[PDB]
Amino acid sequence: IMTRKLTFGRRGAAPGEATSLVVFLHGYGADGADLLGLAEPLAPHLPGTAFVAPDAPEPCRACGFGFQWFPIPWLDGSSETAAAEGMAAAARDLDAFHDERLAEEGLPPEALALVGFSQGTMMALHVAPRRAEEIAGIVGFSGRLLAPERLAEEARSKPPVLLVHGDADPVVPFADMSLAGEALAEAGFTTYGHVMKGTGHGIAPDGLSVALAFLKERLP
């Protein structure tokens, strides 16, 4: 394949005994281990759930450490086209990674949920709607939808979506939540929001709590 394999991590539900799957998608400069930590507070409430977190296919070239799903031109000093390419390629890799994990867990699409952060959220909102089969749901923390104009045309699947954003975010503007949110609604997605009041570019306890509820319902 031209496909790139993603290294990853896993918990907590025992290998072979998972009844649902959630995949964490980390942000620019981080790695899977970062978000996979979220498994600690979530697992007791999602007993049958397996949690997986891949590292993005490329090292963060500007950061100097950690990984990126694609470079960020204005921050990275990379070309916008090289960035757009990384994004499309990274989506295919992630698409494949998903199929692989669902196999090893022996689960079907509707038992899978995506939980992203930043750049991870952008990857989730891009890949899921373009998969053949509708997944359980998506939780996107702060939070941007690439190319909202192409959503209606390219949406094969329309899983429920919960957007969670901090109203003091200096990195990704809080206004983006409404942008993503309106476009998902108009494209026919069942769309929910949660506002982390006072919160910047980060995941607050209240946001995490609402995500958990959303996940416990949508998940088997």
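When you see a residue number, it is the position in the sequence shown, counting from 1.
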Check: Averaged over C-alpha atoms, is the B-factor higher for 39 to 47 or for 167 to 175 in this PDB entry?
Finding: 39 to 47
Next item on the list: Check the entry's C-alpha temperature factors for 88 to 96 and 72 to 80, then say which stretch has the higher mean.
Entry: 72 to 80
Item checked: Largest Cα B-factor, entry values, listed residues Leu25, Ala14, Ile203, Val210 -> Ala14
Item checked: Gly143 - which third its CA temperature factor falls in, relative to the rest of the chain -> middle
Note to self: Quick check on the deposited entry: does the C-alpha B-factor of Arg61 sit in the lowest, middle or highest third of its chain?
What the structure shows: highest
Item checked: Third of the chain's Cα B-factor distribution that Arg130 belongs to, per the entry -> middle
Check: Which third of the chain holds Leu112 when residues are ordered by C-alpha B factor: lowest, middle or highest?
Finding: middle
Margin query: Which third, lowest, middle or highest, does the C-alpha temperature factor of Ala103 belong to within its own chain?
Written below: highest
